[PDB]
Amino acid sequence: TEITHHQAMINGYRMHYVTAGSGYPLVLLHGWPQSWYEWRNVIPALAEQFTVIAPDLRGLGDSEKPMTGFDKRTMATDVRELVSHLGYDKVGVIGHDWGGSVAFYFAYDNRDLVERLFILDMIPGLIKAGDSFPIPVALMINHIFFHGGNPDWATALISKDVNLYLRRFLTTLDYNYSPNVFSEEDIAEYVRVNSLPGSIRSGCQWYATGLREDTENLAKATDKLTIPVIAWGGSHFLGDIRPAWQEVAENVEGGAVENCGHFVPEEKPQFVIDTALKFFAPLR
Amino acid sequence: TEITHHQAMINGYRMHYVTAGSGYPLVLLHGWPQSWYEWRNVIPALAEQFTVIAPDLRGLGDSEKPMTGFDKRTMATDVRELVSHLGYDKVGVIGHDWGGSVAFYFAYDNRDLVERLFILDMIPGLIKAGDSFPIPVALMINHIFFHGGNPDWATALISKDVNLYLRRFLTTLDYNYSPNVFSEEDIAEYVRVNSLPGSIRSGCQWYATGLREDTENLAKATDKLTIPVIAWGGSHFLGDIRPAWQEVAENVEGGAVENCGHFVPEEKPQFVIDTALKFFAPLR
Amino acid sequence: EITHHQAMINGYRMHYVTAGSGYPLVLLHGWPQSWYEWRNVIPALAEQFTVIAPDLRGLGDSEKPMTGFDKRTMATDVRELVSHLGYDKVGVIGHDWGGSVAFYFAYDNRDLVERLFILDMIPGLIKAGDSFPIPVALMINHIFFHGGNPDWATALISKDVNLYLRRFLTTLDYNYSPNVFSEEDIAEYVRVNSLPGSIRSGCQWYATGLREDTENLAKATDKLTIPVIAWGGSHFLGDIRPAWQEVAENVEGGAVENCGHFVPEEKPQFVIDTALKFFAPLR
Amino acid sequence: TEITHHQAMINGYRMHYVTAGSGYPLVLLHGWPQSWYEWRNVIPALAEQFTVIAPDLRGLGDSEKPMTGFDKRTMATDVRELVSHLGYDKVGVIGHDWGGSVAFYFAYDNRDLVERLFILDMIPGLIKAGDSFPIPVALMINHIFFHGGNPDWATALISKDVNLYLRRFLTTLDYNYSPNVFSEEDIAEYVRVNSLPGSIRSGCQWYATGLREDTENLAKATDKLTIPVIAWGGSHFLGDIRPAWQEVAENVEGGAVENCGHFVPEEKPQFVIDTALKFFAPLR
Amino acid sequence: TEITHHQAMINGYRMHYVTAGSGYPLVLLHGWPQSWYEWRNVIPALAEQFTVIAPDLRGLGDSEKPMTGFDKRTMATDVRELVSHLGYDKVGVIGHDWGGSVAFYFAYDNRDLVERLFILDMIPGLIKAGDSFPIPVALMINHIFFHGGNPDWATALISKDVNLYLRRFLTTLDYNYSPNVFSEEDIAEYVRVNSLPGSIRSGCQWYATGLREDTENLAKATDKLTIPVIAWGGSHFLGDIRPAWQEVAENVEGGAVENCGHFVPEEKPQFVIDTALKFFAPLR
Amino acid sequence: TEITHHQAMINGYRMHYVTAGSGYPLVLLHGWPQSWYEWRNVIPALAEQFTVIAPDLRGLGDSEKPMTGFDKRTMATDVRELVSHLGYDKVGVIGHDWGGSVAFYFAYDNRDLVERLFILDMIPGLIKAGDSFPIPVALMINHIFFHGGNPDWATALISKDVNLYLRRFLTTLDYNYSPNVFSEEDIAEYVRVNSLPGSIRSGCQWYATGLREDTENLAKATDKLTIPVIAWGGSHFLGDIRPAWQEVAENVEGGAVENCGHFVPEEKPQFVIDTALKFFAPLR
Amino acid sequence: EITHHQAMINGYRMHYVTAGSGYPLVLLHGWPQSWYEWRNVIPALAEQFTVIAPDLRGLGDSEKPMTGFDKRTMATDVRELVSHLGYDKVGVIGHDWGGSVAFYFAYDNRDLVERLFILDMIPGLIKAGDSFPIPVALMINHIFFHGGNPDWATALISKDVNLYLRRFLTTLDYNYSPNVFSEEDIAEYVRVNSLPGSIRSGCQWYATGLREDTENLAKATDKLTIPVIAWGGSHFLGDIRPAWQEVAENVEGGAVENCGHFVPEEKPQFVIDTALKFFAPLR
């Protein structure tokens, strides 16, 4: 059940991923501003019953950092190339934050490949082409407009002080139940990977495609998933995300985790462990 | 026919203002990230026929900078208090950018005081309580979410490098027809005033009240102005702003200034001079 | 008199300046510059020619896409500009990477560009398959810095743009004289290269320069037939005729005496004089 | 097994070196941007059967930092003076990175001193005078042109943030199989020594000379070594470096270390340990 | 009428001072955070009629910067040694800010030497031992507690950004009627001299001694001056400072300069010029 | 043998000191750039047989930082007042670096108070008034001229980066046999106390008096000590300092500590313990 | 009027200016300066002479090797430059370290330098085997800071060159007046000293100044026979006649009233008047 670091050449760049365990494969997809590291307290328990695969998605963590392909459908093709490279034609998938949107396209574009889908604190995308943002949603997630608005200006302002900027998400009360989810060591690891030249540039592209090409993909994604889907959000961030996933999927269970913010794998790792072992058991 | 620097005790703080010329009074109201200085190529023409009053609005320029009262209703009471201070009971008003919204409330709350109103590249408020931002508009003005979402965090990232940030607005092709509206000496003036401790914090309170109390105040402003209004946007920013002003005013004319960006008083001063002289001539 | 203009080109806002009237001349700048490098040549050309000097993709005050920095794609931008302005015939002047873009602008639009003037540049850095002599790799060691790992180069340059640009603008290995540029001038280049995206975009010029550009130049085997002149500084590339002779049938030029890489600024009068005579038959 | 810290006066500067164990002496020679410290996980195992000697080469680690003599032949005289000072007339050598080039001149210039030579992820020199860098090779090792090209300018760009710069090498997927070969403590040790004034200057001179004097010395070094050589590269950096070493040595063995980058001593210490003990066994 | 720069060794340090003109000597004593430069628009007009002598006081401007002797009694002895050096046994004095407090000790301690005293916008000392600060006074001059409370801590915080801090006094509406009394080239001159190592340390010792030995001295300074004293404050700072001076002088005239802040010599030079020429007229 | 932290009001400032143990009192005097903390590995053993007293001398460590009194005669009067406040009329003293010079004046000025004197790697002063510096000596201690020449300018250049500057002394092969005498935690403690405002200013004053007042004091200090003295230097710094102490003391023993630099207490704490326990035994 | 030039000199590009015509005079600057310190002197001398004012090894805009910073070797650079311009006979003015370079230039080329004008310098800092009295070591404490551990001094200086240079440029112990330099003149010296290698190189001037140069000055026993004038500022080195009499047989000079160290900049008319008289026999 020990984690090994690996790389492979995926769609012209070096993708870092970790593996643990044996048996049926579960792919864990992190979000912004994180890395496979955000699953470190989940992987060992899952690795007793599953093969666990946790990549650093295009641009983030220790993965190399292309200049394009940050729309979530293109990033989903990296996950596909990775899974097929490891020799698997069937997988379960957990996706948190942007990883849940990548997870959505990964399942939507590969109905032969994804058998079960577990989302944590994410909606299938930010918005569909032609829809509007209610003022309170805009305020609750203002950062999408700063990151994705003029991404080179965001990158400059963030890269000046990554240690300060990441704490807007990692320690504040509007993102977490407890301001103490993350040790200073854990925050230092996220500051290390977001400080690698290109990580901030890549991350603002995640948001910038998120308000452009991704919105056009979401409006055209009307063919509901037929696989089992569970969607759990944190009481103290997106709350009950089950209805949102009900819109792109026939079979959706879930709700909100009590006294839990956005970073569900790190604030309530035992919730994710237990929920996942039960949700994926029929696949072992 | 030459500008003079003045100050006055206004609603508990020291407010900076420049006066010039004589005859019927015009009150010129700057926006963000500027000061009375944006009117410097306008004032000397208006001053041949008019008394010209151009203050530093609350928190910005060389004005003092309280900790609240940044909704445009409250700042308009500042303009009321000053005009009362200077002996005037009837005035003309030009408002650019947020000056525009301050001017809207100044006219709305004092029906006997503001006789005519000239707006540049602004709408009466960003949005009304209950409404939503189309993606295109959210992207065009993404800064409003950065400044207004978590003001303290935005103040921190902007304050690290005012010289860099201000240029997002002052020299870019999405804000200006020409990237050369501002000499380095002009930019250095607006960096000086915005580098005064409290100027950035106050500036972000402008956007923060912008998306909270200001939106409530606009949903309740349905008693339309009866006074003549003109409203000129720049071709290369807000364009034909007449319809936005017809929602809150019975008697609106104007349109788009051609090959002109957001900073109409500095990119096309002659346009502002000729319009103003003709629009306010009836009040001499 | 120079007028500032913008146009929506290939999905971004392109800044360009115009002056004068009559036959159109396009002046294409290089790294780390902008239209501003032609500021002391334009008024003299403006007397006899329409002059159009754009900020190429990502540099100067132009908008800064994330892709399309290979020189063929930056040539399509110039085609779109020239078409936007109403012209179906142009003269072109290209300095540094502006020369390489010029080259592709001519190569891909045989019935649009009538005459080509290259300053201190070769068609591209190298063809795919070829290798760098050690002395050459040491002379232009910066291409590997900017183009090798562009994010890393972007990080290291951006901490001090005022310092890094002086590697090129005041040194004796790029200039006959270390006083070609006023402090006001360096400050303009610092200003545009400190706009978020300008450095990132610049490193993309070099990255594509060592990758896709090398493939496009290896296949660029159909020689230009239009008149070409190629002049390099004595104290940089010097006599660049042999290099252009490989992509062009009709090549004149050579080396400017006591002149470094930045010929438009070090020797404004040479460029004015050479261009009025070269472009004369097009009025 | 205890590592001890020493210094000797060597060719006019103070050289830091560490020692461990007892028996026949093995000299371990580090490369850029490291120090004796890259051997820390190999020394104790070697020290059970050998005397282990690991200096900080001229200008790097904690050694003093002259302004000249950074060509690899001069630096090998330093290693000769150290071995002589310690009283030994026969040694084995392991050289990693630039320490492999210094090892090469140490063996070439002292044919009765050095009995066996183990090379890790290096070639005898970057290139021979009169030869050309293929475009893929120039891109792979593009840092040599940056350091060596205009050393004062590289020195300034690097010294501005040593902690950022060294991670280009220490945590990247193109230099390492895993992005996790180095703890934050290990990188801080390399940042410490390379933050000592003179270290970045000295390191740039290793490369400057690497592309000048060293290229001419390599072309003239036409006498193949007669002593046993093993040369092992990482699968994910130089790979099978036997042919490169077959040009300068008559008896060469080795290959590629599986799923190993450039930093073989730290990424596969057990591989270096097992290989050294078997290769140097006949000298005990 | 031309300013010349000089230096003289005074009480064991190099004192900088400027001279112009001929006739009866007037000595001009600057305050904080300034230098002889604050008198630059007064000196030429005073020099048509008088010898003008304007030194950099101890530690400030380009004068050298001892570690002790910042009490105003001691700094008055430097001015005595300077008037001695230049060979005058009768002078008039103008003293602004702390220069006024020095000028007081200069007259008090040398009664045959100082014939007439002109104070600008100062009181003889911040306070007498035994007395207490009203809350209004404490808030109005809070900087005195900063500088003089823990001078090393004030020194470190101010010195981090001298350009930012000086503007607390030079451009603000509580120090100045107009926020434009100083150009950028003028604020640059004050940032230049206060960035000379030792200028901020010296400055804080002006304040530290101002709240300690100066208070003991002022309590025991009870034999009032017999010489004619005029004291003028700015209407927007100290105002009518006659009562404060009537305490320590028998023959006081003066009052308040209309629409003038603290810096009377740069904001209302002509007032200083006409008040001076009239007040010292009986000395030619 | 637990160390306890204390303070006393000594000659007008708050002096930090630690104590430990019981019986006859030994006073340990640190040098530059250090504090009581250099004694931390010696105190516990000496505390089994003695009362151990280790002060932070004027301006350094956590002691307060007056602006004067940094000549070593004056700093020795602080130690007299401390020993007198603690109620002792007989003491032994150990002094290292500048502590040794302070110890010298303490014994020289208090012939009946100090019974025995242990010097570590110091000479009684830098130089006697009227003597000259050979070129090699000036180069070996070049920093005294940096610190003491123009202390404000050195304070400015050192205070920009204290972490970097202290390493000139703490990790360098010319000050230390080993570059690893100090952990990062130890260096951090020295950086912490020398990053207190006043500390660097005070340190520079030690050197400034060191080349001024102290040279006049030392020329006049011709009445040799009569009490037992032992003086031990590092093999790799001052070596056998007996002859230097025999010029000011009749009864001197000591020599050089093998493979030891300047920081004897931290590089060879056991030598200091063993030597102090034998030397001070007769006083128990 | 002043022309910026360069030449390959002993393996590096040396920047130099020239002006005027007739007999050549060579002007050698000191630390922390450049050809620039002569700019109020050059105009008046260019009415009667050719003026040549190089940037010495590693300072100003000249290129910056790692070695050869001893004043005998820096004098070989000056000999190579003079001979590139084809003069068999020169007059020389040296200020500060330029004075010591001038000394070895004169000492090592007995038929090249006809006449020598020293401003506020001594032949070297000190002779090997000699010692610094305490007040001397304090007055020039900077030589030990720059020359002791050069790498350490470079790090501390280079963190803020604008602050450090003011130790020399605006202080009452280096200058009668604190206003000898405009902000624009200080910015010029900050610019050249902010080029990477400038501070490293300057520190090597002092490092060699307290080592090889002390050995070389001890072995410089053959007094010069050519006319030497030596003038210090009243408020720095004062009457430097005696110091130059130890190494030259024919020395005149003294002290300039109310003048610090930077005589070329605080008393240009004094340097002009003195140069024109002294070198007049050489027209």
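As drawn, each chain counts its residues from 1 in written sequence order, possibly unlike the entry's numbers, and residues without coordinates are not displayed. Here the convention is simple: chains get letters from A, ligands get numbers from 1, in the order in which they are written. A larger assembly contains the chains shown, yet all values here describe just the shown part. Only hydrogens and water are set aside when side-chain values are computed; all heavy atoms of the structure are taken into account. Residues with missing side-chain atoms are left out of burial classes, side-chain pairs and their counts.

Looking at the method and resolution fields of the entry, one finds X-ray crystallography and 2.177 Å.

The following threshold applies: UniProt positions are given in the numbering used here, feature names are shortened, and annotations may be inferred rather than shown by experiment.
As recorded in the PDB entry, chain C goes by the name Soluble epoxide hydrolase, listed as coming from Corynebacterium sp. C12. Listed in the archive, the entry goes by the title "Epoxide hydrolase CorEH without ligand". The record in UniProt for chain C states the following under Catalytic activity: "an epoxide + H2O = an ethanediol".

Chain A has the name Soluble epoxide hydrolase in the PDB entry, where Corynebacterium sp. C12 is given as its organism. Listed in UniProt under the heading Catalytic activity, the comment for chain A reads: "an epoxide + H2O = an ethanediol". Under the UniProt heading Subunit, the note attached to chain A is "Homotetramer."

1. Describing the overall build of chain C
The cut-off we apply is this: Secondary structure elements are taken from DSSP: a helix is a run of H or I of four residues or more, a strand is a run of E of two residues or more, and numbering for both begins at the N terminus. Under the scheme applied here, a residue whose accessible area is under 20% of the maximum for its type counts as buried, over 50% as exposed, and between as partly exposed, the area being computed with a 1.4 Å probe on protein chains only. In what follows, a contact means two residues having at least one pair of non-hydrogen atoms within 4.5 Å.
In terms of regular secondary structure, chain C is built from 13 helices and nine strands. A principal-axis box enclosing the C-alpha atoms of chain C has dimensions of 45 × 40 × 40 Å. When the 283 residues of chain C are sorted by exposure, 69% land in the buried category. Sequence separation of 24 or more characterises 72% of the internal contacts of chain C that already satisfy a separation of 6 or more.

2. A look at the overall build of chain A
Here is the rule: Each radius of gyration is computed over the set of C-alpha atoms, and the globule rule expresses the reference value as 2.2 Å times the number of residues to the power 0.38. Methods summary: accessible areas were calculated by the Shrake-Rupley approach with a probe of 1.4 Å, and residue burial reflects only the protein chains presented. None of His or the chain ends enter the tally, which takes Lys and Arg as positive and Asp and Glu as negative. Throughout, a charge is located at the NZ atom of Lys, the CZ atom of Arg, the CG atom of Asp or the CD atom of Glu.
Check the secondary structure of chain A and you find 13 helices and nine strands. The C-alpha atoms of chain A give 17 Å as radius of gyration, which agrees with the globular expectation for 284 residues (19 Å, within 12%). Pairs at least 24 residues apart make up 72% of the contacts formed inside chain A by residues separated by at least 6 positions. Total accessible area on chain A stands at roughly 9400 Å², and carbon and sulfur atoms take up 49% of it. Placing the 23 positive and 35 negative side-chain charges of chain A at their respective mean positions leaves the two points 3 Å apart.

3. Some remarks on the UniProt feature "active site" in chain C
Residue and element names in this part refer to chain C. UniProt records the feature "active site" for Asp96, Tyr206 and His261 in the present numbering. With respect to the helices and strands, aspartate 96 occurs in the loop between strand 5 (90-95) and helix 3 (97-108). Within the secondary structure, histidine 261 sits in the loop between strand 9 (251-256) and helix 12 (263-266). The class of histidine 261 is buried, set by a relative accessible area of 3%. If sequence neighbours within four positions are ignored, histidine 261 has contacts with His95, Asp96, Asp120, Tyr174 and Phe236.

4. Considering the pairing of strand 7 (residues 229-234) of chain E
All names here are of chain E. Applicable threshold: The rule for pairing is simple: two strands pair if DSSP sees at least two bridges between them.
With respect to burial, strand 7 is a largely interior element, five of its six residues being buried. Pairing analysis gives four bridges linking strand 6 (residues 114-120) to strand 7, with the strands arranged parallel. Bridging across to strand 7, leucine 120 finds its partner in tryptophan 232. Inspection of the sheet shows strand 7 paired to strand 8 (residues 252-257) by six bridges, in the parallel sense. Paired with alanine 231 across the bridge in strand 8 is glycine 254.

5. A word on the relation of the copies chain B and chain A
To keep things clear, this is the line we draw: We superpose the copies by least squares, fitting on C-alpha atoms.
Note on the copies: chain B fits chain A at an RMSD of 0.2 Å, the axial shift is 0.1 Å, and the rotation between them is 180 degrees. Expressed as a symmetry operation, the mapping of one chain copy onto the other fits a two-fold axis. A high fraction, 100%, of the interface residues of chain B reappear at the interface in chain A, so the copies pair face to face through one surface.

6. Comments concerning the UniProt feature "active site" in chain A
All names here are of chain A. When the UniProt feature table is mapped to this numbering, "active site" covers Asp97, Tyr207 and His262. Mapped onto the secondary structure, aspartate 97 falls in the loop between strand 5 (91-96) and helix 3 (98-108). If we ignore the near neighbours within four places in the chain, the residues touching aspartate 97 are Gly31, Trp32, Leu120, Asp121, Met122 and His262. Mapped onto the secondary structure, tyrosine 207 falls in helix 9 (residues 199-210). Taking relative accessible area as the criterion, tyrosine 207 reaches 2% and is therefore assigned buried.

7. A look at helix 3 (residues 97-108) of chain G
Our working rule: A helix's residues, less one, multiplied by 1.5 Å, set its expected span.
Taking 1.5 Å of rise per residue, the twelve residues of helix 3 of chain G would be expected to cover 16 Å, and the 17 Å separating its terminal C-alpha atoms lies within 8% of that figure. Taken across its twelve residues, helix 3 of chain G has eleven buried, putting it largely inside the fold.

8. Re the sheet that holds strand 6 (residues 114-120) of chain F
Residues and elements named next belong to chain F. Heads up, the condition is: Geometry is summarised by axes, namely lines fitted to C-alpha atoms with helices restricted to the contacting stretch, and by angles between N-to-C directions that run from 0 to 180 degrees.
The strand order across the open sheet built from eight strands is 1-2-4-3-5-6-8-9, with neighbouring strands paired in mixed fashion. Of all the strands in the sheet, just strand 1 (4-10) and strand 9 (252-257) have a single pairing partner and so form its edges. Pairwise comparison of adjacent strand axes, ignoring direction, gives a mean angle of 20 degrees for this sheet. On top of the sheet, helix 2 (residues 72-86) reaches strand 1, strand 2 (13-21), strand 3 (25-29), strand 4 (51-55) and strand 5 (91-96); it is set at about 55 degrees to strand 2, its chief contact. Where helix 13 (residues 269-279) meets the sheet, its contacts fall on strand 5, strand 6, strand 8 (229-234) and strand 9, and the angle it forms with strand 6 comes to roughly 160 degrees.

9. Things to note about the packing of helix 3 (residues 98-109) of chain F against helix 10 (residues 213-220) of chain F
All names here are of chain F. Basically, it comes down to this: Relative orientations are named as follows: roughly parallel for angles under 35 degrees, roughly antiparallel for angles over 145 degrees, roughly perpendicular for angles from 65 to 115 degrees, and oblique for any other angle. By convention the crossing between two helices is left-handed if the near helix lies anticlockwise of the far one by an angle smaller than a right angle, and right-handed if it lies clockwise. Each residue gets one of three labels, nonpolar for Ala, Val, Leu, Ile, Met, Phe, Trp, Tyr, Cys and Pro, charged for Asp, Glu, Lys and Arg, and polar for the others, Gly among them.
Contact pair helix 3 / helix 10: the axes reach a minimum separation of 13 Å and the direction vectors enclose 45 degrees. Taken together, the axis directions place helix 3 and helix 10 in an arrangement best described as oblique. Handedness of the helix 3/helix 10 crossing: left-handed. In contact with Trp98, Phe104, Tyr105 and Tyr108 of helix 3, helix 10 contributes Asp214, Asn217, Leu218 and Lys220. Within the contact of helix 3 with helix 10, the residues separate by chemical class into five nonpolar, one polar and two charged.

10. Structural notes on the state of the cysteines
For the record, the criterion: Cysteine sulfur atoms that pair up within 2.5 Å are treated as a disulfide.
Enumeration over the complete set of coordinates arrives at zero disulfides over all chains. Looking at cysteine 203 of chain G, it has no disulfide partner, and the nearest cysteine sulfur is the one in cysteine 204 of chain D, 18 Å off.

11. Here we look at the interface of chain B and chain C
Often the size quoted for an interface is simply the accessible area lost on bringing the parts together. We count it as follows: A 1.4 Å probe defines the accessible area here, and the buried area is the portion of it lost by two parts on being joined, summed over both. Whenever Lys or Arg places a side-chain nitrogen within 4 Å of a carboxyl oxygen from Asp or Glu, that contact is recorded as a salt bridge. Distance and chemistry together define a polar contact, namely a pair of N or O atoms within 3.5 Å, with one atom able to donate a hydrogen and the other to accept it when in protein, and with adjacent residues in sequence counting only for side-chain atoms on both sides.
Each side of the interface is counted separately: chain B has twelve residues, and chain C has 13 residues. Together, the buried faces of chain B and chain C total about 1000 Å²; carbon and sulfur atoms form 59% of this surface. Contact with chain C buries surface across chain B, with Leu173, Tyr177 and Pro179 of chain B losing the most and accounting together for 50% of the total. Between chain B and chain C we count zero salt bridges in total. Applying the counting criterion to the chain B and chain C interface returns four residue pairs in polar contact.

12. Let's talk about the pattern of salt bridges
The full count for this structure, using the stated rule, is 100 salt bridges over all chains. For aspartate 161 of chain D, the salt bridge goes to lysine 159 of chain C, with nearest N and O atoms at 2.9 Å. A residue pair is termed interchain when its members come from two chains, as with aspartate 161 of chain D in the loop between helix 6 (151-159) and helix 7 (162-170) and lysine 159 of chain C in the loop between helix 6 (150-158) and helix 7 (161-169). What makes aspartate 161 of chain D partly exposed here is its relative accessible area of 24%.

13. Section: the sheet that holds strand 2 (residues 13-21) of chain D
Residue and element names in this part refer to chain D. Read from one edge to the other, the open sheet built from eight strands follows the order 1-2-4-3-5-6-8-9, with strand pairing classed as mixed. A strand with exactly one partner marks an edge of an open sheet, and here the two such strands are strand 1 (4-10) and strand 9 (252-257). Averaged over all neighbouring strand pairs, the angle between strand axes comes to 20 degrees, with direction disregarded. Bridge count for strand 3 (residues 25-29) against strand 4 (residues 51-55) is three bridges, and the pairing is parallel. Each bridged residue has a counterpart across the sheet, and for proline 25 the counterpart in strand 4 is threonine 51. Most of the contacts of helix 13 (residues 269-279) go to strand 6 (residues 114-120), to which it runs at about 160 degrees, and overall it touches strand 5 (91-96), strand 6, strand 8 (229-234) and strand 9.

14. Here we look at the UniProt feature "domain: AB hydrolase-1" in chain C
Cross-referencing UniProt, the feature "domain: AB hydrolase-1" maps to residues 23-120 of chain C in the present numbering. End C-alpha to end C-alpha, residues 23-120 of chain C measures 25 Å, and it is 32% helix and 23% strand.

15. Side note on the packing of aromatic side chains
Residues and elements named next belong to chain D. What counts, and what does not: Between the rings of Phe, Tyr and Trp (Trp by its six-membered ring), a pair exists once the centres lie within 6.5 Å; its type follows the angle of the planes, with under 30 degrees stacked, over 60 edge-to-face, and the other angles tilted.
Counting across every chain of the model gives 141 aromatic pairs over all chains. Pairing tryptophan 36 with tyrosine 37 gives two aromatic rings, centres 5.8 Å apart and planes at 85 degrees, and the pair type is edge-to-face. Exposure remark for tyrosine 37: the relative accessible area of 15% places this residue in the buried category. Both rings, one in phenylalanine 279 and one in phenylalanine 280, keep their centres 4.9 Å apart while their planes meet at 55 degrees; by these two values the pair is tilted.

16. What about helix 13 (residues 268-279) of chain C?
Compared with an ideal rise of 1.5 Å per residue, which puts twelve residues at 16 Å, helix 13 of chain C spans 16 Å between its outermost C-alpha atoms and is within 8% of the ideal. Of the residues making up helix 13 of chain C, those classed as buried are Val271, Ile272, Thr274, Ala275, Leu276, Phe278 and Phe279 of chain C.

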